[PDB]
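>>> okay, structure incoming, though there's no sequence with it:
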């Protein structure tokens, strides 16, 4: 769809083409990410 | 002069005529960007460099490959403003032209084959402003040019490596631009060795054998063949006379029949000269001379094929006999004189065990691949891949060049790939250095060091994205179908763009900029480091590189450090310098000829400089002759001294070019120490814009250019006449010639009002200008937050005294009056924002609506139907500004509350609060807000209202735009017709479009009629597209995260006024902190009852010595005095000519000033308005080094009719009487800071805690407790406060039961203690036991 | 533990137990099946690897990272250095009832 | 001027080739140090008791009433070398190499530095500053070790 479009297709456009409704799109979109490891120093310097 | 100069003139006292007007300043960043983008045909850079380096790419067959043609970028979808609005990165889209070329492999390359010569979108690309920045999620951010060690070749030696030796070892290092590294090294044992990438050692000769190679040609190469001839019994041997040089004669070295030399006798230069003289090459010599010498080459008996002696074998006399017998009355041998040409090679060779080339190949493999079973092609392909493959290896012929020069070749270019001659020439040169001829390199010298600008790094990221591409490419090429597989059927732009993102948001350099101060931003652009990948680290780095090198001069400001662990690592450039195109530097210099300084220029390197001999601009010319004094301070060789006059190559231009900008702007600092200088220029950046724009009156001169080049302001892009004005926009008519013919020449500028600084401070613009006035191009039209008339205003100048007062300025501390507070002048603004989200939950959607339970209606009052605040409201902590609620479950409770609600009996809610509220401890003003809602989620009531308001406002603005434009063009429409007949009122009253029927001169004019028709339609068409595009731009909803249904946000307005604790400083180190404001009556004051503004403690100066602040003070009293002369003359309302004399006199006062000016040139109201501008005090420029002089402070305080001592009898605010002695008085220009108690101080009673450890938190933002270091505990170790110890160990921190106990006991009045045991203890014990041991407690 | 997005945060450790238990599962699973001991060896070397890396990740072999490419904090590391317990949170400590 | 004529003479000697370079180094550096000392005597005698004030008598002087000197004599702030910095030539300068430079400073803060003179001040300035930043860790490390024993 990107090649066809040249840009990012929307949840609705793919709700059409993937053949299922925006419920499940937005649903799965809520789900698919991973945990981010407490011990990361979001303090750029080693303080936090 | 120019218009804005005329309005306010700053005097100057530099006298040395400068040659140069400064360049543009941020040229470097924009140029690297340009380089990266710009379509280089041939010198491939950045993009084209990448595609060229990589493409074409083919498959495994010999049919199919992919072929570059060209590329293109598009316009951005989003303008700049919508991007930072939406929190969107700005960028441009990308197309590239690809040709899927294949070849008929049945044919040889029967190229009439499938071709998909088409175009491909992939990935947008963030882009630069016309100013430099990149916005990321609407976050203007900056990335900085770095320096690193230039590639190539670098030699050195360490002093003391083994303790028994305590001696030096010479060693080499080299790298390419790309690919693996390589290391030559000696040992103490006079042997070269080798390692790659610091792999383990090798005798270099192993690899030499690896190079298709034999020992024969070694010994041909490195050494001469010391030839013998056994002429039937006895040894005769050839001899160049200069082989025996400083050599002790072993035997009675003689001739045909002549002794030049006895045994044990040094062969002087004389005997060499005799030997030379008499043409004597061969000498009768003892056979014994040989034994110990080494054969040159493998010799055999031809019948045998067997070595009577192997090559690289010491010689003897049994072998002498044997060889003479075998048919050898000549013997080459190896030359060896440590004086002349001595042994290192054969040492390593006899050490070199690997017998054949293949032993070399395999052991080289085996170090390269230890454990792994060697095969032939493994090692072969391996070695060639390392340094003979174009792919994994390049020099970036800057390298290649450098290597020619490290070899002194003719050439400069080549491949990115080695040759063997290069290698051995390095080997030879290295051993030559070992012998003493030549040197090793230096460090901290700038020709060893190369920059890294942006497009370089962009390019690197780009091509590694092409790696992440090309793997998958190759597979799907060799594997998939060939006829059907489109070029983009394989393409994944995702890792490419994602890596662009990673670098743009996770690099060390991707950074938020400092727009608190145009100084701070612009210098932040002009910062440089050595950090990150291919960089260094604090704990690993040391001292020497932080320090100065002489060759910084003219190229680096040495003044510029952050006062922290980056003591010398960080540093910014200087002023007038430039880059070598390669990534090194240059600097201009005035050529000097015959004594005559040539005004020409040559941007010399760090390297050419030391050769020549070069002069200062401090010199006093002999009026276009030569230098006046014989002993001229010249410099060459990396050092300066005194030489004659015609003896000069070059000269400097100006006395500043060493400096940076914040370094440049401090006057008199030649009279001042450096520590206070650098911390001053540091604090010079941390400044804050005040409410208004007060200038200084002491200057340097450059500040105009800085007020320009940030791009913060408007400019006269083109001169013209002011057309229309507003407090948010201003229109100009462009001059006729500056107006292009196709163009209407009507510029506008819509102006940035109240707006967020990244450090949360207020932003505006305002016209410093009037209407109906001419303007020459480049003039500024609206000043900025910290600027005035195109010049800086970081602070405010005002009154001072230097004396103690009752302890109220004890240690650098400050006292002030109250008057300032009544003038509010050091008052400023801030901005504070908040936000909220409409999510969807498992249970349902979070609802945004005014409806709430348990409603203290007080704050509900200011909310609307949808639960939203009305604009112009005033608030404070805890107030409720947005009503959001959440689908809730239900709960249960204890019998006591059950009975409670049973007697109350309020009922039935299954929804929970999620409303937004002000932080406790804040109060501000409501200004502006915004909602984002999905394109697909319905736009709420006021959401539609706001977007309707926006379509209104925008459509109004664009209506006005095209309206005015269209009037501008209907001007032409009416004008062009008037001299063909006339329809004087037959034209006007009847409708406009029906003028096409009136009097017509049939021949030509109908084309005009239908061209009028054409433009009438064209214009409304252009508005139609404007309308539709803009309206869809406005109405299109939001690409919001999953669950995020819509969000509102809010911006406040807050001000803050002065209070003790708010730091304050000027430009001289002159810090200080406040203890008090003072009533005006308490002011000590003068005979004339004018009290003072500031008092200061004169203790510390003769130790810190920022003495320019004194001269400044003198001048600060001085300058204003003239403004008062004039101000009286204005109120007294005197005359033109009086002031005219007064003033031109005042200008043409100093000794030998460079600037020269007239009045009579100018007309009257010009005089009036500059006089209006100067009444507060005439401003002045002190060039920091060629400033004015005390004679011109004193001539001047005279004219002000003051004590030239500048020091006065004053009287006491409290007692009225005179003090002992006088005190110096005058004005200095002062600054206040970010460091301010309101954002700084904090208290923490009791609140949140940690989770694993139950411990109080840190940070005022989350109500942070203050940690105590353990040395604070050591304190009461030395005191013995066991109970406070207990307290602060246990109850304030960890013990839950303890903290609770204490809470309730205090509210009982009870001040009594109870311990528990810290949670962390047991936590450990558990962890320990998880590590798997039985720790345990021996209970009592 | 979660955040607003239903997007969570985890320790450095949980994967250690996860890999360990899974490799045990593989091991016992393959002991049901009477394979050659070559793979038995390979699995158990992975086992001891995971074990002593849990005890100390960056002691013995090339240290172990996540997607971070930062190495993973050992148990031992938590007891250790300044962010070890002793020096971090047992001797110096945040405190209630104070201000500045 | 005396110093200039003398270094010109020693220049002529080193040109002649009798005297060496390190000898000359010690010679020049010592005589500049003597020049600084003479300047110090000059300025101190010309400041500390520069004040002549008469009481019931022709002339007599006492301790000066100048602000700078009494700041030095109280021990509140200042010191003779610091007053020399503002007023006199202040000694000579060691480059970051650790060497010591042959040509000391001529003017002062009152008159105004040279380009090169301040460019030269930079070296030892930054040297002492990095030391300011980076001698303290030794102290704290040391300290907690010491107490860890005891």
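Looks like it came in fine. Numbering: from 1, shown residues only, chains lettered A, B, ... in the order given.
>>> what is the burial count for the residue in chain B that chain C sits nearest to?
Closest to chain C within chain B is residue B:1243: 3.1 Å, counting by CB to the nearest CB. C-beta coordinates here come from the backbone N, C-alpha and C atoms, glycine included. A count of nearby residues for residue B:1243, using other CB atoms under 10 Å in any protein chain shown, gives 13.
>>> you'd agree it is up against residue C:99?
Yes. When contacts are counted by CB atoms under 8 Å, residue B:1243 is listed as touching residue C:99 (3.1 Å).
>>> tell me the contacts of the closest residue to chain A within chain C?
Relative to chain A, the nearest point of chain C is residue C:10 (3.8 Å; CB to the nearest CB). Residues near residue C:10 by CB atoms under 8 Å, 6 or more residues apart in numbering or on different chains: A:35, A:36, A:37, A:38.
>>> pretty sure residue B:278 is touching residue B:241, no?
No. When contacts are counted by CB under 8 Å, residue B:278 is not listed as touching residue B:241 (9.5 Å).
>>> residues contacting the spatially most central residue of chain B?
Centroid check for chain B by CA atoms, centre = their mean gives residue B:144 as the closest residue, at 2.9 Å. Each residue near residue B:144 by CB under 8 Å, 6+ apart is listed here: B:509, B:511, B:525, B:527, B:528, B:529.
>>> now the first one: how far from residue B:463?
In this structure, residue B:509 and residue B:463 are separated by 19 Å, where distance is defined by CB to CB, to the nearest Å.
>>> next one: the last one
As defined by CB to CB, residue B:529 lies at a distance of 24 Å from residue B:463.
>>> can you give me the strands in the stretch 251-400 of chain B?
With strands called from DSSP state E, counting those that start in this stretch, the stretch 251-400 of chain B shows them at B:266-267, B:282-285, B:299-301, B:306-309.
>>> shouldn't residue B:1054 be within a strand?
Yes. Counting by DSSP: H, G, I helix; E, B strand; the rest coil, residue B:1054 is located in a strand.
>>> wait, it touches residue B:830, no?
Yes. Here residue B:1054 reaches residue B:830: they are 4.8 Å apart, a contact under CB under 8 Å.
>>> with distance to residue B:269, neighbour count and secondary structure added, can I get the contacts of residue C:10 in TSV?
Formatted as TSV, those follow (distance: CB to CB, whole Å; neighbours: other CB atoms under 10 Å in any protein chain shown; DSSP: H, G, I helix; E, B strand; the rest coil):
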residue	distance to residue B:269	neighbour count	secondary structure
A:35	83	15	coil
A:36	79	15	coil
A:37	77	18	coil
A:38	80	13	coil
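>>> coming back round to it: over to the residue of chain B closest to chain C: give its phi and psi.
phi -130, psi 160 (degrees, to the nearest 10).
>>> and for residue B:992?
Dihedral angles (degrees, to the nearest 10) for residue B:992: phi -60, psi -50.
>>> one more: residue B:627?
Torsion angles, degrees, to the nearest 10, at residue B:627: phi -70, psi 140.
>>> which residues does it bridge with?
On the basis of DSSP bridges, residue B:627 is bridged to residue B:621.
>>> thought residue B:1264 was touching residue B:1243?
No. Residue B:1264 is not in contact with residue B:1243 according to CB under 8 Å; the separation is 9.9 Å.
>>> in chain C, which spans are strands?
C:98-99 (DSSP state E).
>>> between residue B:1054 and residue B:830, tell me which one has more neighbours.
residue B:830 (19 against 16).
>>> show me what contacts the more buried one?
B:760, B:761, B:762, B:1054, B:1055, B:1056.
>>> rerun that using 6 Å as the cut-off
B:760, B:761, B:1054 (CB atoms under 6 Å, 6 or more residues apart in numbering or on different chains).
>>> and which of those is nearest residue C:47?
residue B:760 (54.3 Å; CB to CB).
>>> got the residues of chain B near chain C?
Chain B comes close to chain C at residues B:1241-1243, B:1245-1246, B:1253, B:1255-1256, B:1258, B:1265-1267, B:1269-1270, B:1288, B:1292-1293, B:1320, B:1324, B:1331, as judged by CB under 6 Å from any CB of the partner chain.
>>> show the buried residues in these.
B:1242, B:1253, B:1255-1256, B:1258, B:1265-1267, B:1270, B:1288, B:1292-1293, B:1320, B:1324 (16 or more other CB atoms under 10 Å in any protein chain shown).
>>> rewinding a little: let me know the closest of the contacts of residue C:10 to residue B:29.
Using CB to CB, the contacts of residue C:10 come closest to residue B:29 at residue A:36, 33.3 Å.
>>> list the contacts for the closest residue to the closest one other than its chain neighbours?
In space, and not counting its chain neighbours, residue A:36 is closest to residue C:9: 5.7 Å by CB to CB, 6 or more residues apart in numbering or on different chains. Shown in contact with residue C:9 (CB under 6 Å, 6+ apart): A:35, A:36, A:38, C:1.
>>> do that again at 8 Å, thanks
Contact analysis of residue C:9 by CB under 8 Å, 6+ apart lists A:35, A:36, A:37, A:38, C:1, C:2, C:3.
>>> residue of chain A nearest chain C, please.
residue A:35 (3.8 Å).
>>> that residue and residue C:66, how far apart?
Taken as CB to CB, the span from residue A:35 to residue C:66 is 10 Å.
>>> for residue B:210, same thing?
With CB to CB as the criterion, residue B:210 and residue C:66 are 41 Å apart.
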